[PDB]
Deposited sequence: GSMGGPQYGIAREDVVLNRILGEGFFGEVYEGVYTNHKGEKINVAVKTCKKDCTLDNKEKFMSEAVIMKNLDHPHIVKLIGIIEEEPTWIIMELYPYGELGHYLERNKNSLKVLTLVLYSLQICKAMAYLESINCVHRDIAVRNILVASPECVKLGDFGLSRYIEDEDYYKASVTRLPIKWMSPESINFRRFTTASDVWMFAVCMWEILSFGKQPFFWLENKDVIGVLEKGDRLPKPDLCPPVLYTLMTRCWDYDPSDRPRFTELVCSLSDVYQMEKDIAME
């Protein structure tokens, strides 16, 4: 990938390491809309996540097109934008079926990541991209109100703590993008969790799906479902909602 093959058109916004731009990438003459991540120990880490994304090849994880070793990461651009904002715009037209579909698609992403003990740390609707109305994609690697107790208290992140956060993300999806614990300030989140209080069931969320969510919010990380079991469960929730629809 040569920099002459990538034209920058506009700022997309501000990423962890530097600016993100949108532009177009052109070897067969096809014009491809891309997001270009840039970088102002953090350079090497910037590169590490890029190499990881280059090796990931999954339908529900954002696609890396190439890397320009001013180091640019050329990612596929999804113009629909973040899932959170997509949900709030279309909350009156979106059906429960589709919201379970989105959760299942991210869970398939996570299940793949789990199989290589790869902890993601930012499974949140703001970090999920809408590729099409029936396809969401998990964004780049990494939020007190999304984190498990053992991450808030001990800065420990495992696949089990990703499962907790995944259930927080499902809560966000079934809530059409509300922020978890928006009635709480950060300081009293862990206190609330220590007591055994959780997020309440969203109005549109089927009870079977909320039971699954509560299992992911087990204070004990060992008791939480694995992502492989969740995919089967949600596949099961999805087929049922589809039959009702």
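Residue ranges with no C-alpha coordinates, please: along the deposited sequence, counted from 1, in order.
Absent from the structure are positions 1-9, 36, 51-55, 85-86, 160-177, 281-282.
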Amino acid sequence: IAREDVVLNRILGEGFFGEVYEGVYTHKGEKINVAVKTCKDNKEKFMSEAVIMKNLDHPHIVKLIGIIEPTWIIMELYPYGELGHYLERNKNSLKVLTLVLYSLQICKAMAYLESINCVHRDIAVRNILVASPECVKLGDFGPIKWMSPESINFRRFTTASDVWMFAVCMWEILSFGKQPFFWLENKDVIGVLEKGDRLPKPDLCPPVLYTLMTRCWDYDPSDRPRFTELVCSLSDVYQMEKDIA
From here on, numbers count along this sequence of modelled residues.
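In this text, rigid core is short for the largest set of C-alphas that superpose within 1.5 Å between two forms.
Relative to this form, superposed by the core, which stretch has the greater CA RMS in 9 other deposited structures of this protein: 90-98 or 133-141?
Of 90-98 and 133-141, the stretch deviating more in 9 other deposited structures of this protein is 133-141.
Rigid core fitted first, then name the stretch among 149-157 and 169-177 whose C-alphas deviate most from the displayed form in 9 other deposited structures of this protein.
Taking the RMS over all superposed structures in 9 other deposited structures of this protein, 149-157 lies farther out.
Decide which of the stretches 71-79 and 90-98 has the higher mean C-alpha B-factor, going by the entry.
Stretch with the higher mean C-alpha B-factor: 90-98.
Which is higher in the entry, the mean Cα B factor of 202-210 or that of 47-55?
The deposited B-factors put 47-55 ahead on the C-alpha mean.
Checking the record values for 223, 22, 19, 236, which has the greatest CA B factor?
The listed residue with the largest C-alpha B-factor is 236.
Looking at 84, 139, 142, 133, which one carries the largest C-alpha B-factor according to the PDB entry?
Reading the PDB entry, the winner on C-alpha B-factor is 142.
When the modelled residues of the chain are sorted by Cα temperature factor, does residue 157 land in the lowest, middle or highest third?
Top third by C-alpha B-factor.
Lowest, middle or highest third: where is residue 116 by C-alpha B factor in its chain?
Residue 116: CA B-factor falls in the highest third of its chain.
Relative to the other modelled residues of the same chain, rank the CA B-factor of residue 8 and answer lowest, middle or highest third.
Residue 8: CA B-factor falls in the middle third of its chain.
Comparing residue 190 with the other modelled residues of its chain, is its CA B-factor in the lowest, middle or highest third?
Residue 190: CA B-factor falls in the middle third of its chain.
Splitting the chain's C-alpha B-factors into thirds, which one does residue 42 fall into?
CA B-factor rank for residue 42: highest third.
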